[PDB]
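Coming up, as structure tokens: structure 1 and structure 2, two forms of one and the same protein chain.
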Structure 1
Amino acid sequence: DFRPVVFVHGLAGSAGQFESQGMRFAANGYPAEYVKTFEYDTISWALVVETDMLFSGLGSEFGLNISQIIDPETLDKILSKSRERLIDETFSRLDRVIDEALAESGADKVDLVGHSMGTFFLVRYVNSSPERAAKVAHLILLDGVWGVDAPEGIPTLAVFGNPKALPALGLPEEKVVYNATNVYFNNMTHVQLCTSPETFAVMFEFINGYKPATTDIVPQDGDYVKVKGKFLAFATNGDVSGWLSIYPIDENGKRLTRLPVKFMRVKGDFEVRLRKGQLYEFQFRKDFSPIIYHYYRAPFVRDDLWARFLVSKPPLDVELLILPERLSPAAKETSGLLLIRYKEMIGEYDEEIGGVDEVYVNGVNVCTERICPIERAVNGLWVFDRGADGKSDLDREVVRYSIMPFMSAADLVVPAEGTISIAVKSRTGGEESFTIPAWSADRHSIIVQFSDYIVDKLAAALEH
């Protein structure tokens, strides 16, 4: 019998970094409900908690950077929170999740997995009391804390990627969690490490004692899948209110039904039954905003209980960064996109990584060495007409994003006429392409989520 696994994301992260992994666990026999995700406000956590000296402030670095855009009065309110109180509140909520999971499954202990800042969070959590540590069969720490001992008596696995994808003004000649089994994937980058099928295999074997029969997201039988998802605020992860309209679409992004096949008021959570292998447009209207959001992604092939749709909201309203252009005349005639992949898009070649991604928008590669260098760990690439001047200047950095963790931007004019072609040729092999309507930036925002792994028949065969 499998025991539940509970995943704790990092700064500016969410359940999305464990979506693929949850589906791999289920493909290998785990009831899908046994894979839990614990979400929390990462801005308050990084600034209030991880700025202490337990780890000499290491767990807070990306939070310090991303916080630059917070309004002064709001920042002060955030920093005024009691640190001991935030900790006890958040940790008590994880106790509840773990206790409910043990009762639901009948298991005696759970496996806990943390990514990046989530590893700092979990080391504090298990060391906070013997009762908390007692409920953990295995602890997995992905590309986060290092130079510390594994919590006493808890079998710990630490998996590390290439440090070039993280801030390097520090000098770790090696990252090790003492007394843990340490595994290294030097050809992988920060978030990629969290979502990789190779990481999946190492984790499954560590906690189960045998290699999984497959690391593929195996499609399930039948024509329908259950999807449980949430619309939540980027980085702070609070539930977001709005209206969800789902439309099945063709290969060119045209809606196949006049009316949406699902229409609902949402407050964070939502659950829907959809057709397996079908392309959908998830249209979202958030309360109090005039923009209509159109979310695109590959079809679902099995139940997915961890889908996440990110929404820009205060205090960290990152979308405000593209407001000047959205308010310009060119917005009526040009589109604005956010391309997301939880596996760094890399345009700079490094022999250790071994290859570069190519990301084409209307036939132009925006994943260049200047826009997607390895050190920026690009998981979110904003594509819009910077300056609203009708000129593409890919060689000139879009400076406003330089300090934003995991994001970059490309100044490319995308005509809001007809459709937009978007394709990624993955550095690890395979390609995924989308053709969608060219919604104008004045009224619409377009979010395209690339899959974090592509299994290509020919490439797999060539390797075999």
Structure 2
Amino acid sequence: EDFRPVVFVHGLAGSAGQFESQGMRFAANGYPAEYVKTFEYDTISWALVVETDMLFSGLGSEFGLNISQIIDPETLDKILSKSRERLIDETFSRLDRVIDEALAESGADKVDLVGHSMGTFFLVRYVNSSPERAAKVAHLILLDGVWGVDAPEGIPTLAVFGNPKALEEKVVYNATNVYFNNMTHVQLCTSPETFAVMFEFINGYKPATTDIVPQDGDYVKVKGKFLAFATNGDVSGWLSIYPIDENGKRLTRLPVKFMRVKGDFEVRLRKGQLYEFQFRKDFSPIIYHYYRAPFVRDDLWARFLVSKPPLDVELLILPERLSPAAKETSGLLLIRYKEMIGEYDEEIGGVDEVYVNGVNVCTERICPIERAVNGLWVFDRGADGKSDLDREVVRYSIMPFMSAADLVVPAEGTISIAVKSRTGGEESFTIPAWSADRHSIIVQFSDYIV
């Protein structure tokens, strides 16, 4: 009611998915869910044309390093041909539109802006580009990004920094700077404690709760989007939603919702009910099955990542998807917007455990701290029917925020997945063992277990 809209800007290879839990937290504290907005943009182009400096002569050395490897030298020519100033103006005008719509919709005169990682560079340039744009910002929140520069003039800014070893000397001048040395890069963005500090910083009081509070009623409104990983463009395809049982078995002959999707979609589902989101993206025979915990309240920020050029990470698994053994094994992708760490460290204070059919794939070698694993690929490397966990899957060592585990997952019956979080608590799933020749399985773990 007496709240301002907040607009979040993600980092490189990120999306609104990183603010999904904070959105639910804002709503559980009285914000109308619609007052929390996200701005999505193409991070590969932004980084290559605008943040070149951060990319190679600074912060994001990791993506910079494997830019030449992950992208077609010709394709990179096209992106690098693009004009910097044109790109900036066109992207800033689009953000101006999101902000203005948020202002009209709430009657508020200003909004709060929040950036994470590259998003902080983005927002600082944005607020500094014109007096007209800054006048509409009540508070600026910079999460684990830019340091060593001035906070925009006259804009209350708060910079929050996490543990540096995830590749207190980080200060934004004139901003309130605080630190959470117990947190990793993405975790800092989705964490309930970052939520309490952001909330307090913009509202002047500690929120009553930091939990994702189950709302009353049988239904939840879900607004989501199937988009390209990293470039974030709309993806078209067909979506079938099926309520499922404790073992992943479809409870209905026909899907409870079937629809053509061109990016965003909105649907009404049951609160606390497990669901399988099956998707077929235009021009691909593969059937995707996305699984995640039940929705306990409205979620207007759900994201289903799809692999597409020029950064088709999924092709790295094609050799195995094409082998005859592929009819015999499953291939899955585990995602958590909170680094899965298999390397013990005191400051971070804990190791996660991730079991697939009883085997722990979050090892020191597979999931070292420096890897900041948010996406773990589990499949039979080489299609040789052997689970060589101690042999690194080299092809993924080049992808940012990812890793892989050579594990044989028989395509018969079900697959059980169990995670024990480094911050405590456990979550598990049991889903069908779809074969890798025609199916792809994606399982997203919640980024916080209370």
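Quick note, the numbers are simply positions in structure 1, starting from 1. Between two forms, the rigid core is defined as the largest C-alpha subset superposing within 1.5 Å.
- In the core-aligned comparison between structure 1 and structure 2, the C-alpha of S60 is the only one from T428, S60, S421, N28 that shifts by 2 Å or more.
- The Cα position of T74 changes by 1.6 Å between structure 1 and structure 2 once both are aligned on the rigid core.
- When the rigid core is fitted, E100 shows a C-alpha shift of 0.7 Å between structure 1 and structure 2.
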